[PDB]
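For reference, the structure discussed in these notes is given below.
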Amino acid sequence: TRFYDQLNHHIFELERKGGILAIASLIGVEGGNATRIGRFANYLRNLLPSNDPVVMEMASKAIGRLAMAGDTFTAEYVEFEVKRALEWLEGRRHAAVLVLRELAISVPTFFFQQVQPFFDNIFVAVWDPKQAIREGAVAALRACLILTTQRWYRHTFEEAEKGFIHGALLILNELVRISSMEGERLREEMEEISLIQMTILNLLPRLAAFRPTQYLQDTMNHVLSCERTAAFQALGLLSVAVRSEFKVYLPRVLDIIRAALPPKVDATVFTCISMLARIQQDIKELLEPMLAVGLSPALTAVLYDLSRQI
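Here the sequence shown stands for residues 61 to 74, 82 to 156, 162 to 223, 233 to 245, 261 to 289, 386 to 404, 410 to 423, 429 to 466, 478 to 491, 497 to 528, numbered as in the deposited numbering.
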């Protein structure tokens, strides 16, 4: 069985990205805990503080596969790495967020009790003047927030709204996603047709479930500013989410949707037009420029899904 052991040595002794991501099929799959837990787990313990990105690409999945093992050393690994990454979540470590997500998710038994240290360390990292961590770190909250509903918001949501634009915005998004997990489903149901700007564009389906509307009003005002090339799917997503006064906003951005076809945003307005139905008269009016685009693959796919929709 030297194949596994040699490739395991060449994980951290690592074209190279392709090879190591091929080796990733062996870690966590074969179940060779004699080397996976004996050596590779210790290697991640010892090297993830300074692991090169070329191997951290493998680590971005191997960390989760190791965390879900459930052994004693695995529990020690999850605790140590979560606490370390939270402390070091800092203007160069743009993998620790993935580390936290991989470690925490699908082990709620450690991280519905441990939501407090996530907040405390994240909102020490988040205040970096670089602002790259200000965006990355808050999104790492989901690793424990999503689990809190699986096994707070309430009080730590009051910390979110005002206690922490950037920080409060990001944490509000990461909390209103869990206030209605169904939005995730809706995203897929709708997707099959600066981080703050995407956060504004992600809030509205999730804000509609929380206080159905001033939050949606401010978010929409920012959506206009996300010139007018934002991913306006956020409004279309409200046609399947809680329809919390979304028709207040249609008179504005429909003119953005109407006035972006034929090309001349295009690939996005293709989906935004279809998301409105899940409003058929406006889509009928909109179909004319869509057919005027010409037989691109995106047009064909969205027209097929439109035919099934309308």
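Backbone N, C-alpha and C fix where the C-beta goes; we use that ideal spot for every residue, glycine too.
Exercise for the section: Return the Cβ separation of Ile459 and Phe434 in integer angstroms, given the expectation that the two are a contact with Cβ distance under 8 angstroms. Expected result: 7 angstroms
Exercise for the section: Return the CA-CA distance between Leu504 and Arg491, expressed in angstroms with no decimal places. Expected result: 15 angstroms
Problem - Cβ shell of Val444 (< 6 angstroms), same chain only, five flanking positions each side left out - result: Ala400, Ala401 and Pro404
Exercise for the section: Decide if the stretch 85 to 100 is in contact with the stretch 117 to 129; the criterion is three or more beta carbon pairs, one per stretch, under 8 angstroms apart. Expected result: yes
Problem - Cutoff 8 angstroms; reference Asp138; Cβ partners in own chain excluding five residues on either side - result: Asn100 and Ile104
Handout entry: Enclosing alpha helix (DSSP H) for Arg112 [first to last residue]
Key = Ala108 to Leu114
Exercise for the section: Could you name the residues of the same chain whose beta carbon sits closer than 7 angstroms to that of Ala264, not counting the 5 residues immediately before and after it, in chain order? Expected result: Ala241, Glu242 and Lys243
Exercise for the section: Measure the CB-CB distance between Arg112 and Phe147 and report whether it falls below 8 angstroms. Expected result: yes
Problem - Buried/exposed call for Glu174, threshold 16 Cβ in 10 Å - result: buried
Practice task
Answer yes or no: do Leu440 and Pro464 have a C-beta to C-beta separation smaller than 8 angstroms?
Solution key: no
Practice task
Would you mind stating whether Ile388 and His262 have Cβ atoms separated by less than 8 angstroms?
Solution key: yes
Exercise for the section: Count the other C-beta atoms from every protein chain shown that fall within 10 angstroms of the C-beta of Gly512, then say buried if there are 16 or more, exposed otherwise. Expected result: exposed
Exercise for the section: State the Cα-Cα distance for the pair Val420 and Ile71, rounded to the nearest angstrom. Expected result: 43 angstroms
Handout entry: Counted within 10 angstroms of its Cβ, other Cβ atoms place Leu271 as buried (16 or more) or exposed
Key = buried
Handout entry: Nonlocal neighbours in the same chain, by C-beta distance under 8 angstroms from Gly86, ignoring five residues either side
Key = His70
Handout entry: Cα-Cα separation between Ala519 and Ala480, rounded to whole angstroms
Key = 11 angstroms
Practice task
Please determine, among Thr431, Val450 and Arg430, the residue with the shortest C-alpha to C-alpha distance to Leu413.
Solution key: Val450
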